[PDB]
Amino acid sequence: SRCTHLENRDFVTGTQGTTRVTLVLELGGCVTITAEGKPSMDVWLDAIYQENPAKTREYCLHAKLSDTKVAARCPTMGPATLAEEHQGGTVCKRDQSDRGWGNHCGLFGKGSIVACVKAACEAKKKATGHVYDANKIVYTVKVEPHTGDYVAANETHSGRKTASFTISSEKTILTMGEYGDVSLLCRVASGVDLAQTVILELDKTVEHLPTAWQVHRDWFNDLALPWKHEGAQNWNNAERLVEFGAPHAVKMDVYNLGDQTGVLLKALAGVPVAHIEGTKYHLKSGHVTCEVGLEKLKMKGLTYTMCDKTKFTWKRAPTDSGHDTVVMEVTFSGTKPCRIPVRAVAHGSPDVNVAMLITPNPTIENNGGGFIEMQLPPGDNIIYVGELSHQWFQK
């Protein structure tokens, strides 16, 4: 059962008459649903994402400066000017330098000086923000029936089904193989509010970093870095990463404040990560409430005869699942298919069956069955699968 793979697992149980079940599925969680006369089902919210979300601003973390130009005039010669002062994509500073005979001016005094640099951004040194549209966000829910077959996490359960939901398409009917149809009504509106969320992306090809972060819109909009719209050619406020030195005669130095990535990363510690897979921008945390309709589900193998009580052996002896249940797997050497005669008694009371089965109507099919998950009361018990027995101390 898929839910046995994780630590975060909930059990939902429907009694007599319970045909519908309302669950709050959370990313990283898993729910096992059990109900009288119904095959058990594992359900979980698998992903929350939007393909190609809209991009808000792009910020530059490392300025690439080039073509530094300086123009200086002697004290009586008027303002110094450069064509660059009027071009976008350049950062300039006008100042005054001390001039005199030493640097070829007729008078000793203040002379106009102006320096400009072309400012661009280093390749792969942008920080881009993305915003979600509640109407385009997709919630993916997976359902897997309890078939008495154990499948590891790196393996694929042939009976697992997937359902996708958007605000405009909240209901799906899934056919669970021979178990019947299950209906899922999940409301995206009951999900995570995304108004103040921005998915921040740096360079997703960097190997030792998460591919994205989920940050607050107000924090993102206040970053003190050069910015522009995707598609725009030049950067606004490029001066944020450039400093000019005090001028001396006909020269003025231009300083680059360096790569701000390290600075940003310190700010991002403790911020939740997100994930990008191609064009899909995923949230790594979130939840949604769904209504599961069980009325069309039917159990499998109810009319088989009981398996020969003499032909069972333990493939995997009873073991603690970590969810206060016991898991085990048996092998049957008799004729299939048949119902597995499972029960358990408390040490000293051989007459009362104390086993509460999670796995519905355990059966050995022609090519499956054998895995059983059950709950037992605290203390010493003995598990029986026909004549096959096993001691079990619960707790």
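Numbers for residues come from their place in the sequence shown, where the first is 1.
Enquirer: Using only the Cα atoms and their B-factors as the entry lists them, report which of 211 to 219 and 80 to 88 averages higher.
Expert: Higher mean C-alpha B-factor in the PDB entry: 80 to 88.
Enquirer: Output the stretch having the higher mean C-alpha B factor in the entry; the candidates are 325 to 333 and 43 to 51.
Expert: Taking the mean B-factor of the alpha carbons in each, 325 to 333 is higher.
Enquirer: Check the PDB entry and point out which of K136, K284, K251, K171 has the largest C-alpha temperature factor.
Expert: So the option with the highest C-alpha B-factor is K251.
Enquirer: Just grab whichever of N154, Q260, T319, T313 has the top CA B-factor as deposited.
Expert: Among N154, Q260, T319, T313, the PDB entry lists the largest C-alpha B-factor for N154.
Enquirer: Against its chain's modelled residues, does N381's Cα B factor rank lowest, middle or highest third?
Expert: For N381, the deposited C-alpha B-factor lands in the lowest third.
Enquirer: Consider only the C-alpha atoms of the modelled residues in this chain, order them by B-factor as the entry records it, and name the third containing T166: lowest, middle or highest.
Expert: Within its chain, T166 is a lowest-third residue by C-alpha B-factor, going by the deposited values.
Enquirer: Going by the recorded CA B-factors, say which third of the chain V21 sits in, lowest, middle or highest.
Expert: For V21, whose C-alpha B-factor we compare with every modelled residue in the chain, the answer is the highest third.
Enquirer: Within this chain, which third does the Cα B-factor at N8 fall in: lowest, middle or highest?
Expert: Highest third - that is where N8 ends up once the chain's C-alpha B-factors are sorted.
Enquirer: Split into thirds by Cα B-factor across the chain's modelled residues, where does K228 land: lowest, middle or highest?
Expert: Its C-alpha B-factor belongs to the lowest third of this chain's values.
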